[PDB]
Amino acid sequence: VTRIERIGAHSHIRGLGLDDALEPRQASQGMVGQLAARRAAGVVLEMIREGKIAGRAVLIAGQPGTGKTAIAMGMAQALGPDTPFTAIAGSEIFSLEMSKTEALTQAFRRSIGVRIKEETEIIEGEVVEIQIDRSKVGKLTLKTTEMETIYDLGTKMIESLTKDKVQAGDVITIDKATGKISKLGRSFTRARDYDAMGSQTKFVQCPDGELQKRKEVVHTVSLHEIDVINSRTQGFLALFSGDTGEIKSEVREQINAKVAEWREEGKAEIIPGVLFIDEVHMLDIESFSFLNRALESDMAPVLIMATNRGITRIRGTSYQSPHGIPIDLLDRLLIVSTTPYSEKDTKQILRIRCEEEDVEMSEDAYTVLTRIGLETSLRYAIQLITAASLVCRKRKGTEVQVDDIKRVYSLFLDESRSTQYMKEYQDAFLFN
Amino acid sequence: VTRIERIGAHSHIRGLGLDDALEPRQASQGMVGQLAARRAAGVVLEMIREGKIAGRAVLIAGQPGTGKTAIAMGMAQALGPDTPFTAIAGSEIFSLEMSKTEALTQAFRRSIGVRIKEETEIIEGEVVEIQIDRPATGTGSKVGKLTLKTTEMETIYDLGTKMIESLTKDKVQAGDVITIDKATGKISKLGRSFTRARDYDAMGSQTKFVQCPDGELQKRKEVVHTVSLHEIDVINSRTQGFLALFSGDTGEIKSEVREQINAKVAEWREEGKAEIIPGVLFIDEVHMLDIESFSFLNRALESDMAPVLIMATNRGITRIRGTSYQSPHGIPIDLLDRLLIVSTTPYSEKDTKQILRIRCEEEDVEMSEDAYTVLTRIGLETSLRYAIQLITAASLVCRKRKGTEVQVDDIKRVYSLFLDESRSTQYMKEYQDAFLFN
Amino acid sequence: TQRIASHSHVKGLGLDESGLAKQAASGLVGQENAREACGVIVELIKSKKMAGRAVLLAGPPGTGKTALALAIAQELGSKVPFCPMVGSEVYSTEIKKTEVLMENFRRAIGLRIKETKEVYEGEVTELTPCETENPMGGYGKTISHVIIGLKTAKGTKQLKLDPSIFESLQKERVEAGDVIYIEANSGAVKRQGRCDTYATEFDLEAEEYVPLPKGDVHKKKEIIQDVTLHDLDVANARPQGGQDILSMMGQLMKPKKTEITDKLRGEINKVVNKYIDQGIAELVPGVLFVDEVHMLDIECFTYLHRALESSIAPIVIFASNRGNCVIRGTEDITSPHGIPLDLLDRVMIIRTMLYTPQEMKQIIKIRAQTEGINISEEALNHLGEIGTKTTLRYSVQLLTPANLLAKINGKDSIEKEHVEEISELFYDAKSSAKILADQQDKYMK
Amino acid sequence: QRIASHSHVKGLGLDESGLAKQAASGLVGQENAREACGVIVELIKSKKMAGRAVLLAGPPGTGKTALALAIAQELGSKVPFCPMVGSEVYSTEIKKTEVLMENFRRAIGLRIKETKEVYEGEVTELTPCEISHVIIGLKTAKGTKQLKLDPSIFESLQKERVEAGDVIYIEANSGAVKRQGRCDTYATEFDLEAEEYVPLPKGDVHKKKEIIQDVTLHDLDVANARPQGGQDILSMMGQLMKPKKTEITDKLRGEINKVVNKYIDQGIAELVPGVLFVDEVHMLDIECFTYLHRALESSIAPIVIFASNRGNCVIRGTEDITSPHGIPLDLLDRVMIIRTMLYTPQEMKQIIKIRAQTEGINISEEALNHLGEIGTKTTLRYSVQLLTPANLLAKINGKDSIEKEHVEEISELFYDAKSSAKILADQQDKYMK
Amino acid sequence: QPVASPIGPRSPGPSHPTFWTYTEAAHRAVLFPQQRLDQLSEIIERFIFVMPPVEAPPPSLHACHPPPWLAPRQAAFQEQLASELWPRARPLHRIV
Amino acid sequence: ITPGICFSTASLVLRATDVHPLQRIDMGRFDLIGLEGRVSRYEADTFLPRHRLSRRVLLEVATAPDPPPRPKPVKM
Ligand SMILES: Nc1ncnc2c1ncn2[C@@H]1O[C@H](COP(=O)(O)OP(=O)(O)O)[C@@H](O)[C@H]1O
Ligand SMILES: Nc1ncnc2c1ncn2[C@@H]1O[C@H](COP(=O)(O)OP(=O)(O)O)[C@@H](O)[C@H]1O
Ligand SMILES: Nc1ncnc2c1ncn2[C@@H]1O[C@H](COP(=O)(O)OP(=O)(O)O)[C@@H](O)[C@H]1O
Ligand SMILES: Nc1ncnc2c1ncn2[C@@H]1O[C@H](COP(=O)(O)OP(=O)(O)O)[C@@H](O)[C@H]1O
Ligand SMILES: [Mg+2]
Ligand SMILES: [Mg+2]
């Protein structure tokens, strides 16, 4: 069937295609060429995996179509799902709700994962009888498939039981430390054959084993999530809505100290990750200035960046800088350069894309498509792959031939041909 | 111990240092020189104290470091805490919560104080015996009796239910010196005339006692309540205004509320209920205001509730912010016609030396005459503020080497360690390529 | 803390007892004049008698300005507040720039409060009134004390208290065998549950049964709490804990920074002065570090004039690596450090110079020691040669990739070949700029 | 009473034929302008035309605001006069057109008859009736009455802590319960009760009073857009959670127009069209002017008086479009321009004398001539503003009148705009920027 | 709940470290809204006088045949909100 | 004091958004934000995967006779 994840521009990339020595293979895990860049990405990935050094910045620079986003996706895939990888675009930090520095702080704190581990003693059973004598004192009877006992209740326990409307046949768990009661379900009996059921009620089997149990919960949350939780009374709702606002710096410092305390106590572990900003040239000078000193924190993740700009103008200024990034930040980062692909590399990438899309092509078709990709662009050839597949299927064919590629080349224009046709009719178009 | 207020830039200025005829002394109350400007400031201060003319504007203009802010602080200290003095910067009116005109209006109305004077009956005495009888069970009428004592009186009071409840809430015991306001029934404890019984435990260390009040028990005292126009506007704008008095977040106050408040205050002034205490608003660096703010000032100075406005700017013929027009002092000529301009002349050598002497006296720094000469030469060459900073720097350097008097060597050392604008600019020119932009 | 950051090796200023700067000490190398000036500034901060004084650290990028500020912070210690801040932080969607600056100013002024908290813990063993043989009024019984017996792990004491405590005891529903605590400074009884020795395994209460208190019945300790003026200001502007409708609204509504008024700040200042006079609290004025001051606009600088002229302001440290740049918010106005000359007249300028190759080698060795990396002499010399060109940051940033490459190769030290391979793999700013210039047609914009 | 810049302006100084006396009602010149303003005052009193705009144009110091305030004084305190500055449309809460519309409705007033029903007396019985109503007994010096009141009134009485023996005031229209005090008859029972006593009301328990309420259309719009009259929980919630201004819709204004027309038809309301005054109109931008086009073309709009001192100046919001008064020609086609002229030295001396009289200052003839000469150069405003400092100097020296020496000393102490400009030009290298 | 405040959370007793971390002096330097109201009682009594010129109940929506469930739902919501919130609004009675 | 505004509209307008239950799907199967504060990780991960009902158990319980009455407590 068709799941929500479908064939995209980088669905064929499963990793960086490196060996144990970080030497890149010619074609492995969906990556072709870019040997030096892939080796550098592997070095950065080992640095990330070690996790010892904080606030390391890497810039993936190169011409458009040279595999910068491909290399970033390869790094993200090679890194386990355990380690956080926040991928944002440069435009996403311009928010009407929070400042640019607040957006960058939230992105940074989303990239550090905190794995929590809480062990709690609980009582778990099905409710048999609740007797309350006169809201002062009472008794509660709980049972399992192998056990049954009666409990003496106090004032607060009685109040909690009455507030939750706990009755007979309900399957409940009680936290010994805090006394909070959550209802798992209710037992099914011949008399509970309801014709309509409420939106929250569900029938579950009576628990087995022993009435007293230990509950171990292990989950991974980010620092930003803990900040949002502790920002306000019901801050966890902002973890869904996103109406976080600007979190106070004092709260963040308190949460950092508490997380360090948990790490010392053995109740939490830190997993520093990666923040990938694609097309960083859209960041303004204020964002770069904030990044300069944000990377200097002890709770700063690895910042991987990617731009395809030459010596251009920094946004928010009138100055020209080698990547659109002020040279002060560029001195804080290592630059990984991607080289343009050759004919062989382009053909191998086209083969991988065709295999990913399940398209059969003849060798002459591959030669023509590689020539087109070199002449126009690699992405144009990738699109022509699917266009030619559609045309071939329309004429009840099974293998894409040169005729299909020529047909889709005539039907769909690249940038150069479209620009030429526009120049032929320049006066027709508006606001030249 | 160090208080929250420490030695600042203008900590030595205790007033303008003028005589009865508003003739400036050469060096008095911290002020040195600026004789003409200080005389003008004294005339303006007399105008403020008279409090009869609304919406007068004065502009203190001069070169940097000529004592404009010093003159403003001297005026503020000479006014005293009774007369309001709202000092803000020009940049502060640009706010995301309110409009520029609303911010300027609030700044003006923070500089006008409304004072209400009323006489109330007050009971002040030493509690001898307090007895409160309450029903054992159920709702009932508590009956009580209180005995209060002064040096010349002792009366036994029959207490009502609400006074019983107030005394119970305040936990009034024997020996407590309490104040009772008859109208509102408020009770304020101000001390204990003697200690509690020693045999009791978990009582804590007893503090010092207070002597029993003298005179009659029920006296008549004058109660003064003073709020500004801004406070009235804020607490009348909405129910949550009293919290907005501390949190800000007033938004934009409706003009209807302000008109009602102006009418009510005029009625009170006619009916002798309240007196208006007009004050001063000091906007430092007024050149940061834009054309709209200046245009609002033009007509806002024409109200009868406007205070005296004092501005400071060190700009020449400069473009007005928000426009492309060059104007003197960065201020439009329409506003420049509504204000008197007070110029500050630069300081001579002796004035600089006297300023340095006053600063050293303020900072408890002892300096030699040769060191004073060298420091005055540095101040003339570089700037006055640089010399003032080098004062403290040399004090610290001298204290480091276990000395008692600041010598020429310490001043040279701090001159080497810390740079002025000129030498920093020279060294930056020497390494121009190393610095980032231009 | 366990992770190694860029300034993890700076443990303070390497100053002799006479203030002269040692060539290499406390993690700092070179910058002797700047270190001496920073030591003078540290003494100024410790003197606690100056307010609003400003120091500008001016120099080329990568010359130790942030390192010097952090060394100042280390020298002061954790007692002295140190509020770092970048210039970009003043641009907020909730409050105006002047409000952000004022809030950071109040964050830098700290207050240390010392108080003695005396409490009486124990399990109530006895509750006996002390009647008087002569009842006042003739009828009934009158009581002059209430004897409460308190039992702890290592003792038992009896406290003759005021009779008025009977009402608090009844309100708290205190009975025999319950654990209570009485505060001397207030004379109030609070019931912190019942003793656990009277609880059975069949009970289900959670917060009702508490362990018998350890230690002595009479516990007194000195509590030192460090707060800042901004903490009090914010806690008073948006109070938390009330039961009125306004507190409920505050809990419901999204939190938002507000423009705290001068009235609240004056009230806080008065309360702090009263506390200081009483002897409860001691003022601890700290430092506000504003890095990248050039990112402030003209409005922020103008407000900074009044901010620094105040008598409550902390000691502010600026830092700028700009030359004759254009001030933000102005049209074609150039100033020597990106700062208007009016604010430069109010600061003391400390110049940071570039590092000689020997100092660069020393810094590389120190950084390698901090990161737990063993580097050979030849590799160190090659990396210093790489640092002579490019920059120092590039050289200190090649250390960990080279260590990883050596570990993969199976070596416990960095050799020259590893550094050469890392240099081949990663480009610096100058090499990348040269590549971009050589292919300016193929890139975008 | 404090003396402001226009405290001497009491009227337009016109005769019965509409011609302008030279010096009358605190006005010295501008005879043509004063006659035009008299015509405008008669137009406002006619209450026939709607949305007629007038522009007062001239250099600064030529009494445009003085003429506007003289028009206001001629109209009287009954006719609304809303003064607004052009810079006030740039609010952070509502759009500029909303501000303009609100001031337009603020300029139209309404005199409406209202009847207030009052229950006032000492409480003798407070019996709940289980939502629980209340049966209350009130006594005065004229009689006694028992009333059954809504549960909201009972809640208000409980909030006021009203108990048997308290003197209370109840307004039946608004349901507003105010407890005034414990009855004076019980002031002798105790010696310390912590109560404020009040005598027994001497009228009837139930009273009906007819009063005239002065409101504007904007007040009705605000009351119906941010309601607070229900005294329910929702009104409090809306007030606390949404305190900012809102963009009132045209539908609400149409409903308010219908309601006010119904009130006027019933004969219990009278409409007072009133005047809106915008002082620094050049501070409006092109969007505001475009909106003002349609607003003035409306048949509901009031009479609007505009002022401007700009010459051929670029309209705000445009790049380089320059118009004669800072006002686009389309709006200038919809206004009647009143031109103010510069004052002769004689008129300046007359104005200085009038201002001196207003401020209670005695000035000699020689001093008056010297100050008029000072005003011939510089400006009239500067010459007028030197009166109080010179008076203070004379008072310090023990003189009850201003002599020429005091004026000279003050002029030496305080510079004018032209002198400061000369100083800045001579020392351009020493001042900042 | 009171994260990063001079006011400490409600410590159960001296056995908890939070009991010996916070001071009563810091607590007395923070004023709750009720304390602020008690501090400004005279100011509220003397200076709160501004009344709106017009007072109206909120606009009402009328339809000939409305959904018979809307009005009871709105009534129940208003009743519950009033029963939960009116006791908390009593301190503002004099201001109102 | 003014009477409120009586805004009259068509009765059909108030039912514009209303959709009959037989014409709309259950959106509670995608309700993630409603589960917060009510459902725990224990319930989702450990309990429900182990103690989910089956059709066989449900049918067996429904078809089986009523359980015997619970014995009265005995002090033993
Ligand atoms: N080395 C590579 N291996 C496989 N696919 C690649 C490689 N380089 C580029 N591509 C493909 O080329 C397309 C464009 O490259 P991408 O990295 O996404 O953008 P750019 O490099 O222009 O920023 C992508 O769909 C990607 O799958
Ligand atoms: N005439 C003076 N008398 C005493 N102190 C002065 C005088 N002029 C300047 N100062 C001091 O010199 C310092 C800088 O002067 P300042 O008033 O800030 O200059 P500006 O007028 O440019 O604001 C201030 O601390 C001020 O106290
Ligand atoms: N004199 C020095 N001694 C030791 N370490 C230094 C010195 N100068 C710089 N560093 C280190 O080298 C890096 C360069 O950054 P830094 O010079 O602080 O940037 P900036 O010049 O913008 O302050 C920092 O991580 C700093 O810790
Ligand atoms: N004809 C006049 N008669 C008396 N006083 C005048 C006259 N014209 C102007 N004034 C006074 O001179 C001052 C300047 O008037 P104003 O109306 O503010 O000028 P403009 O509106 O042209 O800027 C005002 O205080 C006003 O009272
Ligand atoms: Mg890309
Ligand atoms: Mg100044």
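The chain as shown is numbered from 1 upward.
The way this entry was determined, per its header, is electron microscopy, 3.9 Å.
Just so you know, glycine gets a Cβ as well, placed from its N, Cα and C.
What Swiss-Prot records for this protein:
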type	residues	note
BINDING	B:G62, B:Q63, B:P64, B:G65, B:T66, B:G67, B:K68, B:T69	ATP binding site
CROSSLNK	B:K429	SUMO2 cross-link
MOD_RES	B:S422	phosphoserine
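Taken residue by residue with DSSP, B:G62 (ATP binding site) is part of a strand. Of the listed recorded positions, namely B:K68, B:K429, the sparsest CB environment within 10 A is found at B:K429. Per-site Cβ counts within 10 Å over the recorded positions B:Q63, B:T69, B:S422 peak at B:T69.
In this structure the alpha carbons, written CA, of B:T69 (ATP binding site) and B:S422 (phosphoserine) are 24 Å apart.
A Cβ distance below 6 Å to any atom of ligand 5 is met by none of the recorded positions B:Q63, B:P64, B:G65, B:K68, B:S422. Closeness to ligand 6 is met by none of the recorded positions B:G62, B:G65, B:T66, B:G67, B:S422, no Cβ falling under 6 Å from the molecule. Rounded to the nearest whole angstrom, the C-alpha distance between B:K68 (ATP binding site) and B:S422 (phosphoserine) is 23. Sitting within 8 Å of the Cβ centre of B:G62, B:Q63, B:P64, B:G65, B:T66, B:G67, B:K68, B:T69, and not among those site residues for ATP, are the Cβ atoms of B:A70, B:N314, B:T344. B:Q63 (ATP binding site) and B:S422 (phosphoserine) have their C-alpha atoms 17 Å apart, to the nearest angstrom. Those recorded positions from the list B:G65, B:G67, B:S422 that have a Cβ under 8 Å from chain D Cβ atoms: none. Of the listed binding-site residues, namely B:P64, B:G65, the sparsest CB environment within 10 A is found at B:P64.
Listed in sequence order, B:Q34, B:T344, B:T345, B:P346, B:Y347 are the same-chain residues at least 6 apart in sequence whose CB falls under 8 Å from the CB of B:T66 (ATP binding site).
In the three-state DSSP classification, B:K68 (ATP binding site) falls within a helix. Cα of B:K429 (SUMO2 cross-link) to Cα of B:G62 (ATP binding site): a distance of 29 Å. For B:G67 (ATP binding site), the number of other Cβ atoms no farther than 10 Å from its own Cβ, over all displayed protein chains, is 26. Highlighted here are the recorded positions (B:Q63, B:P64, B:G67, B:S422, B:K429) whose C-beta falls below 6 Å from ligand 2: B:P64, B:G67, in sequence order.
Every protein chain shown contributes to the tally, and the Cβ of B:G62 (ATP binding site) ends up with 24 other Cβ atoms within 10 Å. When the alpha carbons of B:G67 (ATP binding site) and the residue listed as 'phosphoserine' are compared, the span between them is 21 angstrom. In sequence order, the binding-site residues near chain C (CB to CB under 8 A) are B:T69, out of B:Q63, B:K68, B:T69. Taking the C-alpha positions, the distance from B:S422 (phosphoserine) to B:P64 (ATP binding site) comes to 15 Å.
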